[PDB]
Amino acid sequence: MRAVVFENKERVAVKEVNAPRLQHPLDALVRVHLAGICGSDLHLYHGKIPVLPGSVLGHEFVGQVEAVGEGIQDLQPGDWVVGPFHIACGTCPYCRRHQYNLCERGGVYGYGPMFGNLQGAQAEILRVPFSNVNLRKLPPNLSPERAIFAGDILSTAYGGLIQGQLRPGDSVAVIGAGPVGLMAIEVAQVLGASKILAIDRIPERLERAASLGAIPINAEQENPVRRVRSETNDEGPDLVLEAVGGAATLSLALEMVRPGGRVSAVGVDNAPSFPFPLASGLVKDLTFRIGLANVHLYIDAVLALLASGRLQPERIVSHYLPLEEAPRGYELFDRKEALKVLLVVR
Amino acid sequence: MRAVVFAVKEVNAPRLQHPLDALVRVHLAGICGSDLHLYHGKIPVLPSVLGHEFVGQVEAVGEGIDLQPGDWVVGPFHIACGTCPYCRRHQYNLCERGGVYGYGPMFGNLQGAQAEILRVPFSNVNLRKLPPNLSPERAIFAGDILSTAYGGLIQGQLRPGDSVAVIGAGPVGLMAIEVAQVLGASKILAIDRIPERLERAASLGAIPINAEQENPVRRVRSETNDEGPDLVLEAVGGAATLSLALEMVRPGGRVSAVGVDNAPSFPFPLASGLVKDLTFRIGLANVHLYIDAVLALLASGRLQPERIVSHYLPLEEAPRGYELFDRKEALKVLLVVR
Ligand SMILES: NC(=O)c1ccc[n+]([C@@H]2O[C@H](COP(=O)([O-])OP(=O)(O)OC[C@H]3O[C@@H](n4cnc5c(N)ncnc54)[C@H](O)[C@@H]3O)[C@@H](O)[C@H]2O)c1
Ligand SMILES: NC(=O)c1ccc[n+]([C@@H]2O[C@H](COP(=O)([O-])OP(=O)(O)OC[C@H]3O[C@@H](n4cnc5c(N)ncnc54)[C@H](O)[C@@H]3O)[C@@H](O)[C@H]2O)c1
Ligand SMILES: [Zn+2]
Ligand SMILES: [Zn+2]
Ligand SMILES: [Zn+2]
Ligand SMILES: [Zn+2]
Numbered sequence: 001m002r003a004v005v006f007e008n009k010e011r012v013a014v015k016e017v018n019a020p021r022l023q024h025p026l027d028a029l030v031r032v033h034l035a036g037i038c039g040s041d042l043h044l045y046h047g048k049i050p051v052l053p054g055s056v057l058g059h060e061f062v063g064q065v066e067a068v069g070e071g072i073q074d075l076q077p078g079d080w081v082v083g084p085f086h087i088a089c090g091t092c093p094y095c096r097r098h099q100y101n102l103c104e105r106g107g108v109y110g111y112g113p114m115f116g117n118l119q120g121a122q123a124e125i126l127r128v129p130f131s132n133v134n135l136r137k138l139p140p141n142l143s144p145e146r147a148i149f150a151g152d153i154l155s156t157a158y159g160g161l162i163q164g165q166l167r168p169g170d171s172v173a174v175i176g177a178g179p180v181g182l183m184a185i186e187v188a189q190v191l192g193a194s195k196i197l198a199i200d201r202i203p204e205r206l207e208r209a210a211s212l213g214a215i216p217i218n219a220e221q222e223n224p225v226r227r228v229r230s231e232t233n234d235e236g237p238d239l240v241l242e243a244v245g246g247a248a249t250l251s252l253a254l255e256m257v258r259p260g261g262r263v264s265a266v267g268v269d270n271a272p273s274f275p276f277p278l279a280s281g282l283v284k285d286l287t288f289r290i291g292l293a294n295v296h297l298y299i300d301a302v303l304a305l306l307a308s309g310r311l312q313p314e315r316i317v318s319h320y321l322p323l324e325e326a327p328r329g330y331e332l333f334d335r336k337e338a339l340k341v342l343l344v345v346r
Numbered sequence: 001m002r003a004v005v006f013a014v015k016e017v018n019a020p021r022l023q024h025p026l027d028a029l030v031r032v033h034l035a036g037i038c039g040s041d042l043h044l045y046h047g048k049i050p051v052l053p055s056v057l058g059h060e061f062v063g064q065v066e067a068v069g070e071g072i074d075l076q077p078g079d080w081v082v083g084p085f086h087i088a089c090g091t092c093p094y095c096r097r098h099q100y101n102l103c104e105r106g107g108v109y110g111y112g113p114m115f116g117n118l119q120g121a122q123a124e125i126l127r128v129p130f131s132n133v134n135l136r137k138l139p140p141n142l143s144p145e146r147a148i149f150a151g152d153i154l155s156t157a158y159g160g161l162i163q164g165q166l167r168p169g170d171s172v173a174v175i176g177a178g179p180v181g182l183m184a185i186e187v188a189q190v191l192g193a194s195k196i197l198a199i200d201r202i203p204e205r206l207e208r209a210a211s212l213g214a215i216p217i218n219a220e221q222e223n224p225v226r227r228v229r230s231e232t233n234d235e236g237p238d239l240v241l242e243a244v245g246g247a248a249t250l251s252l253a254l255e256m257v258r259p260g261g262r263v264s265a266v267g268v269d270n271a272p273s274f275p276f277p278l279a280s281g282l283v284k285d286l287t288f289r290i291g292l293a294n295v296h297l298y299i300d301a302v303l304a305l306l307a308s309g310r311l312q313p314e315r316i317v318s319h320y321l322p323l324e325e326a327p328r329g330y331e332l333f334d335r336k337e338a339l340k341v342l343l344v345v346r
C-alpha cells in the first residue's frame, strides 16, 4: 500500500505500508479514490495532537468497496461510498441517543492513539469498522469530488447551522472563511438566510466568501462587531457560527450575536477555558453550543443536497495532487497557499 | 397606599396613564431570592417600592382592555410591550420597553408589587385571569419562580425518562424539582448545603446531596451510570455553581442556568468542552411564553407550589420577613396585604 505517514513535527512522507485486512464481520475495505487534507490535519502536523511515527494520516475519503464482512447486507464490492471522519458503534448508549460523535467505542481515522488509534485515509485502502453505521452508498448521479465533503467539513458546517436553529429569514455571522466557514456560507444561503457575514483576515478567502453571497469583513482592518451590528439593525445576527477555534473568536461570537440569539462553536483549540459573560449573559439571553461534529446525524440530508446540485462544495478545491505529492500539499495548505487540497490516489 | 420600600411607609397610589393600563389591588405579594440581591449591596435601588411577585384583583382598566374590576389576576414579574421586534419573536424578556417591577433603575425603574396597588402597563400582555377554581396563593407562583423553573426545564429540553440535576434547593430549585417530576423525569438530584432545604427537596422526590459534606460531581455521576444527568438546572448564581453544572452534566447533555449573579464572567471549558459537546443557556425568564401552560397545570392540581410557603405575614411585618428569608429561617415568605 502506498500511504502518507507522519515522521515528526512538520514532516510527512509517502511510504509503503501493509494493506489492512477484514478483522470483524461488520468491517469493509475501501479502495480510496480521493483523500482530503483537513484543517484538523494541521494540528497533527504541528504536534498539537499526539501521533506515533509511521502512522497513516487522513480522515477525508471517497472510494469503492473492495470487500465486506459476513455481516454486511447493503454494500457489495463495486459500490461507491463515503463515510464520516469519525466512527461509531451503533449500540452504546450514546449511539442509541443518536449522538454518534460521543460513541464509547468512538474514534477518528488517522488521528493517533488518543482517538481510537485508527489507520488513516490518505492511502490506497481503508478499513472501516461497523461499516453498517459508518458508510453511505453514493446516490447514482453524484461525483466523488463533490461527495467527499459530506464525510467531514460540509456536514460539520451544516450540523453547526442546524443545531444553531437557523431558520429562513435569519441573519448569520460566520467567523472563519477557511473551508469549513465556506461550507457554512453556502449552506446558510440555501437554508434561506436573509443576510450572511463572513469575518476573516485573508483577502483571498474573503473574496471567496463574497462570491458565495456573504458580506466580507476583514478583522485586521476594522472592528467586526461594530460592522456586523450596523448590518443587522444594530442588534447583531440571529446566529453566529464560529469556525476558527480559540478564546479570541469565541468572545467575539458572544459579543457579536444579538440578544436572544444563538452561537454555534465548531472550531478546535487547546486552551482549557475562555471567559463566558455572566451578568451581561443573563441580560442578553444566550444559547451556546460547542462540540465535535455529529456527522452521521446529517450525512443523509447532505448527500441528497449534493446529489441534487443545491450545494457545490468542490468549487473550493484549489489543488488536486497525486498521492506522492502529499508533502507539498501539506506545505501549501499549512502556508495558506492552497485553499483545499484533494489527493488523487491511483 | 401602604407599601414596602428600600420598611413600610405611605406612598402615593398610582393612576391609569394609558388605554392598556390596569390597576391591581394586590392581595398577596412575595419576597423572592432576587429581592435578596437588592437587600444586600448587589443591585442598585433608589432609597422606592420593592417586589415583583403578586396576585390580586383588578381595580380599573384603560379604555382599550377581557378584564373587569372583579377579576382575579396574576402577571409576569417582567413587563413587555407586545409589538417590538423581540416581542414579535416571542422573546418577551428582551422587550425593548421591558422592565422588572420594583427592581430599580437598571430594570425599567418600576414601582414594586409589595404594595396595596400595582399599575400594570399593557395589561393585555402582562396579565392573566385566574381560571375559576384556582387559589390566589397557588396562582401567584405562575408570575415568577414556577415559570422561571418551568421555562429553564423546557428550554433545557427535558424529555421523559431524562435524569436531572438541580443546583440550589431554594424556592426556584424546589419548583424545578416538582416540575421535573411531572414532566416524567426518571431521577432528579438536588444539590444544596442546607439540611432543611434538602429535606424539602427529598419530600418532593429528589435525591438530596449536601455539597458541604461530599463531592456532588462524584455522587451525581454514580447516580447516573457514571455519565452524569441529561440536564442540569443551575438555580443559585455565580461561577462556582456554573462550573459545577458544566462538570456534572453528561457529555452531550444540556445546562440551563437560571441563577442571578453580578460577576462579569466565568471560565467555560473549551478543549474539554469540545470533547464533551455541551449546550448551555443563561438568561432571565421568559415568563409570558410559559404562564398559560403553568396556569393550566396549577388549576388542575398537578402542581402545588404553595406547599413551600413557610410564612404568611402581614404587610407591616415585611422587615422581619426579609430577615427571616435572608437568614434562611423562612423558606418562602408571602405578604398578606388588604
Ligand atoms: N467540530 C468538528 O468536529 C470539526 C470538523 C472539522 C474541522 N473542524 C475545525 O474547524 C476549523 C476550520 O477548519 P478549516 O479546514 O476551515 O481550517 P483552516 O485553518 O484552513 O481555516 C481557518 C480560517 O480561519 C482564519 N482565521 C484564523 N485566525 C483568525 C482570527 N483570529 N480572526 C479571523 N479569522 C481567523 C484563517 O485565516 C483561516 O482562513 C478548524 O479549527 C478545524 O480543526 C472542526
Ligand atoms: N433567571 C431568572 O429570571 C430568575 C428568576 C427567579 C430567580 N432567579 C434566581 O434564582 C436564584 C435562586 O432563587 P431562590 O428564590 O431559590 O433564592 P435562594 O437564595 O433561596 O437560593 C439559594 C439557595 O442556594 C443554596 N446555595 C447557595 N450557594 C450554594 C453553593 N455554593 N453550593 C450549594 N448550594 C448553595 C442555598 O442553600 C440556598 O437555599 C437566585 O439567584 C435568584 O436571583 C432567577
Ligand atoms: Zn477533518
Ligand atoms: Zn457507540
Ligand atoms: Zn423573582
Ligand atoms: Zn416588546
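Taken in sequence, the protein lines are chains A and D.
Under the entry's author numbering, the residues of the first sequence are numbered 1 to 346, in order.
Under the entry's author numbering, the residues of the second sequence are numbered 1 to 6, 13 to 53, 55 to 72, 74 to 346, in order.
Idealized CB from N, CA, C, for every residue including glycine.
{"Item": "Given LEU297 (chain D) as reference, the closest of D:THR156, D:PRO77, D:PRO327 once Cα atoms are compared", "Value": "D:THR156"}
{"Item": "Within 7 Å, strictly: CB atoms of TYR94 (chain A) and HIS59 (chain A)", "Value": "no"}
{"Item": "For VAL344 (chain A): DSSP bridge partner residues", "Value": "A:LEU34, A:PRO322"}
{"Item": "Under 7 Å between C-beta atoms of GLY160 (chain D) and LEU241 (chain D)", "Value": "yes"}
{"Item": "Reduced DSSP category for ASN8 (chain A) - H, G, I as helix; E, B as strand; rest coil", "Value": "strand"}
{"Item": "Exposure label - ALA193 (chain A); buried when at least 16 CB within 10 Å", "Value": "buried"}
{"Item": "Residues from the region 268–282 of chain A in contact with chain D, defined by Cβ distance under 8 Å", "Value": "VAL268, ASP269, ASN270, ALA271, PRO272, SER273, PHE274, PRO275, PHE276, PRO277, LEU278, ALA279, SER280, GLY281, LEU282"}
{"Item": "Beta strand (DSSP E) runs contained entirely in the region 123–161 of chain D, provided each spans 3 or more residues", "Value": "125–128"}
{"Item": "Contact list for the region 291–308 of chain D against chain A, Cβ threshold 7 Å", "Value": "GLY291, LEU292"}
{"Item": "Contact residues within the region 175–194 of chain D, judged by C-beta distance below 7 Å to chain A", "Value": "none"}
{"Item": "Closer than 6 Å: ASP200 (chain D) CB and nearest ligand 8 heavy atom", "Value": "By its list of ligands, the structure shown excludes ligand 8, since it contains just ligand 1, ligand 2, ligand 3, ligand 4, ligand 5 and ligand 6."}
{"Item": "Sequence-distant residues of the same chain with beta carbon closer than 7 Å to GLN163 (chain D), five excluded per side", "Value": "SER264, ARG289"}
{"Item": "Contact test: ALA293 (chain A) Cβ vs ligand 4 heavy atom, cutoff 6 Å", "Value": "no"}
{"Item": "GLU235 (chain A) versus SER273 (chain D): straight-line alpha-carbon distance, rounded", "Value": "21 Å"}
{"Item": "Neighbour flag for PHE85 (chain D) against chain A, beta carbons, 7 Å", "Value": "no"}
{"Item": "Cross-chain neighbours of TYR111 (chain D) in chain A, by beta carbon under 7 Å", "Value": "Those within 7 Å of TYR111 (chain D) in chain A number zero; the least Cβ separation is about 12 Å."}
{"Item": "N- and C-terminal bounds of the beta strand (DSSP E) containing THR232 (chain A)", "Value": "No beta strand (DSSP E) holds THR232 (chain A); DSSP gives it neither H nor E."}
{"Item": "Nonlocal neighbours in the same chain, by C-beta distance under 6 Å from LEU166 (chain D), ignoring five residues either side", "Value": "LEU191, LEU239"}
{"Item": "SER194 (chain A), DSSP secondary structure in three states", "Value": "coil"}
{"Item": "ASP170 (chain A) versus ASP285 (chain A): straight-line alpha-carbon distance, rounded", "Value": "17 Å"}
{"Item": "Extent of the continuous alpha helix (DSSP H) run through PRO216 (chain A)", "Value": "It is not in any alpha helix (DSSP H) - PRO216 (chain A) instead sits in the beta strand (DSSP E) that spans 215–218."}
{"Item": "The region 80–97 of chain D contacting the region 314–330 of chain A, beta-carbon criterion three pairs below 8 Å", "Value": "no"}
{"Item": "Member of D:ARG205, D:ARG96, D:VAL65 whose CA lies at the smallest distance from the CA of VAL82 (chain D)", "Value": "D:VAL65"}
{"Item": "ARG146 (chain A) vs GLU314 (chain A) beta-carbon contact at 7 Å", "Value": "yes"}
{"Item": "Inter-residue Cα distance where the pair is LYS15 (chain D) and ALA214 (chain D)", "Value": "42 Å"}
{"Item": "Chain A residues whose Cβ lies nearer than 7 Å to that of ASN101 (chain D)", "Value": "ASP285"}
{"Item": "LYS284 (chain A) - DSSP class collapsed to helix/strand/coil", "Value": "helix"}
{"Item": "Range of the contiguous alpha helix (DSSP H) that encloses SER40 (chain A)", "Value": "39–45"}
{"Item": "Ligand 5 heavy atom lying under 6 Å from the CB of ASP74 (chain A)", "Value": "no"}
{"Item": "Residue closest to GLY246 (chain D), alpha-carbon to alpha-carbon, out of A:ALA279, A:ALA243, A:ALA219", "Value": "A:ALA279"}
{"Item": "Reference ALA304 (chain D); option with closest CA among D:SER40, D:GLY116, D:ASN132, D:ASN141", "Value": "D:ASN141"}
{"Item": "Contact with chain A by residue 354 (chain D), beta-carbon distance below 7 Å", "Value": "Within the shown structure, residues of chain D are numbered from 1 to 346, placing residue 354 (chain D) beyond reach of any answer."}
{"Item": "First through last residue of the beta strand (DSSP E) which encompasses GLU314 (chain A)", "Value": "Unbroken run through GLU314 (chain A): none, as it is neither H nor E."}
{"Item": "Heavy atom of ligand 5 within 6 Å of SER40 (chain D) beta-carbon", "Value": "yes"}
{"Item": "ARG208 (chain D): CB within 6 Å of a non-hydrogen atom of ligand 2", "Value": "no"}
{"Item": "Near ligand 1: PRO313 (chain A) beta-carbon under 6 Å from a heavy atom", "Value": "no"}
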